[PDB]
Every structure is written in structure tokens, then in C-alpha cells.
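This document opens with one chain alone, in C-alpha cells, the form deposited in one PDB entry.
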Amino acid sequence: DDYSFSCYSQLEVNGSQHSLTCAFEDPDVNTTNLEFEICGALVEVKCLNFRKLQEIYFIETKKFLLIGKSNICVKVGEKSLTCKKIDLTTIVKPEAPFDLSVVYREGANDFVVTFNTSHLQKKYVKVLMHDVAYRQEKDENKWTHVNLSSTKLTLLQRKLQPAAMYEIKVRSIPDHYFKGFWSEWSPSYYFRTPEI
């Protein structure tokens, strides 16, 4: 009865080409004869058809203008069920951070935690905010979160348990100009703190 949906775009996922990914909010919707289409703010083309896979709808294309709003419609045959005007730059899901690394500096008695990001967060200069989460790998229930705009974070050795395994991971969300959603978590990094 309700064909409401949500989408996320990703930018430069395969060279200069972007992607758009849409799915119904109701997981039980029969998608067998429902199609998705996007029209407007496209490069020299009126509309594009999504490809349907496993209840999800995908487009991979260079043809997003990224300036202005687009119209995304759920169609059965030619009949337009529901539509949504969306600026593709307001629903961006960043790629996950990666190559997480931890360095110990004995002199400073601290840990330098770095991670890698997109080509784009460097091209588009100040746009993402990152969320670094860590916790004692077992025993401890909830995570400790630190927000930052750069790719480098310091943890004081003496603010962590000694001789203990820590788990640490990172994710990103558009923070300036762009808007959107949390990336997937990076793969976790595990390390054991110095004994005392």
C-alpha cells in the first residue's frame, strides 16, 4: 500500500562514474513489476532506468550533473506510482575509510591513529567528517567515539588499559556542502597496548 523509498548516491566509484541506489522502506513490497526511473539534472539525456537486483535498484553512470534536483519515480508499466525530487549531492554515502594504522610513539607516550580516504575528500577539500570508534576488544560494551575532519588522531597511552587488545574502526559522513549518510565502517584494526 505504501511505495515509499530512500536512495543514496556515491561519487566517483569507478573512475569518473557515480552510482545511485534505491530501495523501498518496506522490505515486504513485491518489487516484481515495479521499476525505478530518474529524470532531470542529467547530462544530455532526459531519463535513465535503474537496474533491479535483489529488491535493490542501481544505476552506475557519468551522466549525473550533480547540480540541481532530479526526479526519481517508482513506475508500474507507464504508470507513475510515487515520485521524489532529490538533489543527488544531498544523499551521498561516502566510500568507507581504509588502510587504518596505529603507531606508538614512546617519547610522547601516545598512539597515532591514521586512516586513508577518497581521492575526492582531497579534491573537494574540506567536505567529510570522520567518526573513529574504539573499545577494549572484549569485556567493554560500548565504543568510544571521536569526531574529526582530518585523517590523524592521537590517543594517550595512559588513557587506555595496559596489555590489552583494542579494536578500532572508522567511518565518514558528508559534513560540508554535500549532505548524506554514514559510510560503511572501515575494517577493524586490532592492537595490543604496552605492558607496564
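Only residues modelled in both forms are compared. One-based numbering along the sequence shown. Rigid core (definition): largest C-alpha set, two forms, superposition within 1.5 Å.
This protein has a second form, the form deposited in another entry, left out of what is shown; the following refers to that one.
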Position with Cα shift of 2 Å or more, rigid core superposed between this form and the one not shown, options 145, 51, 62, 138: 138
Please determine whether the C-alpha atom of residue 33 is displaced by 2 Å or more between this form and the one not shown following superposition on the rigid core. no
Has the Cα of residue 100 moved 2 Å or more between this form and the one not shown, judged after a core fit? no
Checking residue 125 here: with the core superposed, does its CA move 2 Å or more between this form and the one not shown? yes
The CA atoms of residue 71 and residue 31 move 3 Å or more in that other deposited form, ending up farther
Please check whether, in that other deposited form, the CA atoms of residue 94 and residue 121 lie closer or farther apart than here, given a change of 3 Å or more. farther
Provide the ranges, sorted by sequence, of consecutive runs with at least 3 residues in which each Cα shifts 2 Å or more between this form and the one not shown, based on a superposition on the core. 29 to 31, 119 to 127, 137 to 141
